[PDB]
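Undergrad: any chance you can model this:
(2 chains, ligands or ions: 2)
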Number of protein chains: 2
Amino acid sequence: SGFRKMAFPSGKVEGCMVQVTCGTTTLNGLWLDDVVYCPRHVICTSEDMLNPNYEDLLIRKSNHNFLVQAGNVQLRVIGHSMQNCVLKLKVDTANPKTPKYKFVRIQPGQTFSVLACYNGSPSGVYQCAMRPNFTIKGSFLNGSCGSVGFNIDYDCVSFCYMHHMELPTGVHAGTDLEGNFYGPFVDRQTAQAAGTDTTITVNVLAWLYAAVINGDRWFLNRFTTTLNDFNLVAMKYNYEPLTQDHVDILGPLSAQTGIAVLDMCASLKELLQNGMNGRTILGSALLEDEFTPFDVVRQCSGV
Amino acid sequence: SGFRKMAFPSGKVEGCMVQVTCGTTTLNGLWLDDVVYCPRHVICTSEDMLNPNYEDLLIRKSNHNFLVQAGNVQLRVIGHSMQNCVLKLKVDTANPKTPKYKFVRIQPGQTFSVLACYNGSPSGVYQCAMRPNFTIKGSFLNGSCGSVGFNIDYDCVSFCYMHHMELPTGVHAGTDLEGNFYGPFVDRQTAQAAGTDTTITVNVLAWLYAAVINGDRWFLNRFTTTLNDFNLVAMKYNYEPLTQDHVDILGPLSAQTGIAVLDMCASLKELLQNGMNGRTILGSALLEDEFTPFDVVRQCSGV
Ligand SMILES: *[C@H](O)[C@H](C[C@@H]1CCNC1=O)NC(=O)[C@H](CC(C)C)NC(=O)OCc1ccccc1
Ligand SMILES: *[C@H](O)[C@H](C[C@@H]1CCNC1=O)NC(=O)[C@H](CC(C)C)NC(=O)OCc1ccccc1
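TA: Numbers count the residues shown, from 1 in each chain, chains lettered A, B, ... in the order given. Ligands and ions are numbered 1, 2, ... in the order given. Coordinates below:
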């Protein structure tokens, strides 16, 4: 038993990380088959970054302006192209470590593993949820751009995130691997703010089920509630409304524990209205919303 | 910026995980050069596990009783031996993916990455601290034994933990890679309890410095305290005493922030005596003690 925030094993992605240098700018790229993907702002200079015109900037580049390094081996760039906010550099070598992969775009409320990288070299792995306001709460320093986020399903890597920037609140923004930003953000050095966020209700309930599966039961009660009466409370506390599809997604956890979803919603209502009174749930004094129902089932089915 | 609990990239260890089966028992092993390491209780049966005599049990085994699988390739066992609570199986093939490695034993208060595995296949990665009572707070189901814990330093993997069992409180116990248990535990199915735990004071202060580096400053104050007067408060709240070596270890973080250690100790004293009054620190409503000073420096020096 036990419940821990857990990343996917990162080996398959570590074999894809390279270093991309253009001018005095160095960041990370993703080498799949004979293409390297990286943030297009690698071609910017300090002054270009206030309001660059990337079509102009790229036209003024040629293949020899891009230095790609896969460990010690330098890869020869034989083509370059822009796809939205990502640059695609064709190289003279197919990555022999290319896994089965897909490019997928994730929804707010879903999770993925981030492999933080610097100078083409992986440094650490951790889990993130895409917030309702299309930001993630990550850990990224200068040089981390081009680090990617991903999920793994039966040795197929679904890439969903490439890192591009940090907002003033300390949260992080980036694109899918088609180079389309998550959220209303742009890759230039101007004042940008995340919209207001909300709490992911279905994830909180999933984590409450994880708590019960692991022996935390103090917050349970005999009451049930209706979907409508719960959603009235949710709106008050800046929680997303619960839909019948969310109840259905929680079905398997409801079955394993014998606690109906609307039974657990009564617990959440009382937790929202009364707090915890000094107690904790799975070691947290706060209600956690960064675990999906799938994340919970992944750790808890064997208990 | 940003501060996240972060595992080491797990690729180098994923290339070492195999599956070890004996009788109806299957768990994980660690394949380095031509030796596979696994928990010795793989040789037990359901009834052996109450109070096994492992020397007897091993003498009654031979090489052909052990089935080792590295993916689809079956490895031939050519020798077996016991080293304390781990079994060493010599196989006919050196692992071509063997990294530079060491076997190290860690101290309470230190952290490491756990690569959770099932049937020889990695499933997820996360960070653990060795508690003062020699347990870890992990996530392990049936079949996870032989999963290992490790740190990485300049492409050298220091292995420090192999998983063996779960205690009744839901916490986890195991050995170093020499097969010597952390703590006063034994590998048999009897009633065993962890001693009382304490909070790792130097880690809490390290996390407070991480908070300041990331812009959380509300808990700071103008006061300083003495080491003796702090340790009087620490004893009251079940915190470990702070030593001059702990102040020294925190030196670099103290320098980066311009906040002396005994200056931060005054903050911690007030937090212990007054709580947070509804506020959070790096997104936590509780004081966190699972980050070492090294873990913090690793993420925060570039800020
Ligand atoms: C790319 O490596 C870098 C990642 C930033 C650097 C600090 N934390 C991150 O996530 N991205 C940028 O530097 C980005 C480039 C623009 C052309 C989009 N700008 C940016 O993030 O500015 C915000 C910032 C905040 C704090 C420190 C440095 C930059
Ligand atoms: C080895 O795979 C297994 C790991 C346990 C299983 C559940 N969570 C874990 O960490 N170890 C054992 O099963 C261990 C074997 C003895 C011979 C040492 N016994 C054990 O952990 O018993 C406690 C237990 C608690 C909850 C479920 C199952 C077993």
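Undergrad: can you get me a residue count around residue A:194?
TA: 19 (other Cβ atoms under 10 Å in any protein chain shown). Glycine gets a C-beta too; all of them are placed from N, C-alpha and C.
Undergrad: helix or strand for it, just tell me which one.
TA: For residue A:194, there is no helix or strand it lies in under DSSP states H and E.
Undergrad: just want to check the distance between it and chain B.
TA: For residue A:194, the distance to chain B equals 14 Å [Cβ to the nearest Cβ, to the nearest Å].
Undergrad: touching, that residue and residue A:167? I think so.
TA: Yes. Residue A:194 lies in contact with residue A:167 (Cβ atoms under 8 Å); the separation is 5.6 Å.
Undergrad: checking the residue in the stretch 101-250 of chain A that ligand 1 sits nearest to next. Helix, strand or coil?
TA: Closest residue of the stretch 101-250 of chain A to ligand 1, Cβ to the nearest ligand atom: residue A:145 (2.9 Å). Put simply, residue A:145 is coil when judged by DSSP: H, G, I helix; E, B strand; the rest coil.
Undergrad: in contact with residue A:210, which residues?
TA: A:3, A:253, A:282, A:291, A:296, A:299, A:300 (Cβ atoms under 8 Å, 6 or more residues apart in numbering or on different chains).
Undergrad: swap in 10 Å and give it another go.
TA: A:3, A:216, A:253, A:257, A:281-282, A:288, A:291, A:293, A:295-297, A:299-300, A:303 (Cβ atoms under 10 Å, 6 or more residues apart in numbering or on different chains).
Undergrad: now the buried members of these.
TA: Buried by 16 or more other Cβ atoms under 10 Å in any protein chain shown: A:3, A:216, A:253, A:257, A:281-282, A:288, A:291, A:293, A:295-297, A:299-300, out of those.
Undergrad: which residues in chain A form strands?
TA: Here chain A has its strands, by DSSP state E, at A:17-22, A:25-32, A:35-39, A:66-70, A:73-75, A:77-83, A:86-91, A:100-103, A:111-118, A:121-129, A:148-153, A:156-166, A:172-175.
Undergrad: nearest to ligand 2, of the contacts of residue A:210?
TA: residue A:303 (8.0 Å).
Undergrad: ok, the closest one touching residue A:215?
TA: Yes. Between residue A:303 and residue A:215 there is a contact under Cβ atoms under 10 Å: 9.0 Å.
Undergrad: between those two, what contacts are shared?
TA: With Cβ under 10 Å, 6+ apart as the test, residue A:303 and residue A:215 both reach A:1, B:170.
Undergrad: how close does the residue of the stretch 101-250 of chain A closest to ligand 1 sit to residue B:105?
TA: 38 Å (Cβ to Cβ, to the nearest Å).
Undergrad: the more surrounded of the two?
TA: Ranked by neighbour count (other Cβ under 10 Å), residue A:145 and residue B:105 place residue A:145 first, with 25 against 16.
Undergrad: turn the buried ones among the contacts of residue A:210 into TSV, including distance to residue A:90.
TA: Formatted as TSV, the buried ones among the contacts of residue A:210 follow (distance: Cβ to Cβ, whole Å):
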residue	distance to residue A:90
A:3	44
A:216	53
A:253	46
A:257	52
A:281	51
A:282	47
A:288	43
A:291	39
A:293	40
A:295	37
A:296	42
A:297	41
A:299	41
A:300	45
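Undergrad: restrict these to contacts with chain B.
TA: When contact is defined as Cβ under 10 Å from any Cβ of the partner chain, these meet chain B at A:3, A:216, A:295, A:299, A:300.
Undergrad: nearest spatial neighbour of the second one, skipping sequence neighbours?
TA: What sits nearest to residue A:216 in space, not counting adjacent residues and going by Cβ to Cβ, 6 or more residues apart in numbering or on different chains, is residue A:281, at 5.4 Å.
Undergrad: what's the answer for the third one, then?
TA: Using Cβ to Cβ, 6+ apart and skipping residues adjacent in sequence, the residue nearest residue A:295 is residue A:111, 5.9 Å away.
Undergrad: my guess is the one you found contacts residue A:288. True?
TA: No. Distance between residue A:111 and residue A:288: 11.8 Å, which falls outside the contact criterion (Cβ under 10 Å).
Undergrad: identify the contacts common to the two.
TA: Joint contacts of residue A:111 and residue A:288 (Cβ under 10 Å, 6+ apart) are A:5, A:129, A:203.
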